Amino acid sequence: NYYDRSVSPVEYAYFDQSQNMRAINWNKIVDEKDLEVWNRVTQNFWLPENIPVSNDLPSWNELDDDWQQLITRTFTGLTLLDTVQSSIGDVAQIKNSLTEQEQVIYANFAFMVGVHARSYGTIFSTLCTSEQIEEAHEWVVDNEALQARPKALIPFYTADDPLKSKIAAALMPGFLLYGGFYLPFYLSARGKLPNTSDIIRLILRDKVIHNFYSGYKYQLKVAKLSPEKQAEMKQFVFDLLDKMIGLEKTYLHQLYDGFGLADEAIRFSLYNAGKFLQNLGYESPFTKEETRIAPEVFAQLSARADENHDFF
């Protein structure tokens, strides 16, 4: 009974002070899925300094300056998105949690997306020059097409609609970074930068769970709403995704057209847009033509993360 006549501290801080606060109870758990997720993400802890990025130097050096600039720029753009999710997106989910363990899981997510951003830094430190690193930061700041994407999602985190925030949260690991992740998988399919792709697979091992978990929590909340409100939220999800696809296409054409990779990158992106919708409980409208990924690239995408790079 104590649980039903008390609130978690975050509920007390922001929503309701009619009752006293309860400490987190890990001994009687409301949702077994939370313990499962907690155990999986904590057991998957890793740091980028355990992966030997120096072994990419031979294949890195065979790439010309334009290819090296593209990689640096693409990765710095991905770093921006992780900075958004670490410092705003994931932490904004904590107060809207259904369960106590979920509050701690989103804290873990925010930290681990921080590590993802840190790992690009370790790649740049090993492979890139000081001038390449600085140019890419300049390029990210001045790229309106790049900037438009996080600019569209951030307002949902700072506003007071929890479901819209949760959708925006899941749209980051579930969709937005895949246009960029195409490049390292394109490269490693041609034997280029293999140790970098190991870092990308570790990042993806986390982001796949982040997307699933937010989608899972989204479905639980919207299931309680009226059919009218469910229909309103479905409309919002497709409207937002349609907008984000439009912005993503413009960014990826700008990023990849000179290398001839934009159409493949967009199909790679739309494949994951379908998976994003599936993880929110909706059907994907995209055709097999629209979501076609080349076998060699999909092999790099779906390859298992190496457990030798784990912390323990």
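Residue numbers run from 1 along the displayed sequence. Note that the rigid core is defined as the largest set of C-alphas that superpose within 1.5 Å between two forms.
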{"query": "Farther-lying stretch by C-alpha RMS in 8 other deposited structures of this protein, rigid core as reference, of 253-261 and 57-65", "finding": "253-261"}
{"query": "Stretch with larger C-alpha RMS deviation in 8 other deposited structures of this protein, core superposed, 26-34 versus 282-290", "finding": "282-290"}
{"query": "Cross-entry absence of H309, a third or more of other PDB entries", "finding": "yes"}
{"query": "142-150 set against 190-198, stretch whose average Cα temperature factor tops the other in the entry", "finding": "190-198"}
{"query": "275-283 versus 65-73 - which carries the larger mean C-alpha B factor in the record", "finding": "275-283"}
{"query": "C-alpha B-factor winner, where the candidates are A13, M21, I24, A299", "finding": "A299"}
{"query": "Relative C-alpha B-factor of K234, binned into the chain's lowest, middle or highest third", "finding": "middle"}
{"query": "B-factor third for the C-alpha atom of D34 within its chain", "finding": "lowest"}
{"query": "Chain-relative CA temperature factor third for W60", "finding": "highest"}
{"query": "Where the record places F45 (Cα B-factor, split into thirds across the chain)", "finding": "lowest"}
{"query": "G114 by Cα B-factor - lowest, middle or highest third of the modelled chain", "finding": "lowest"}
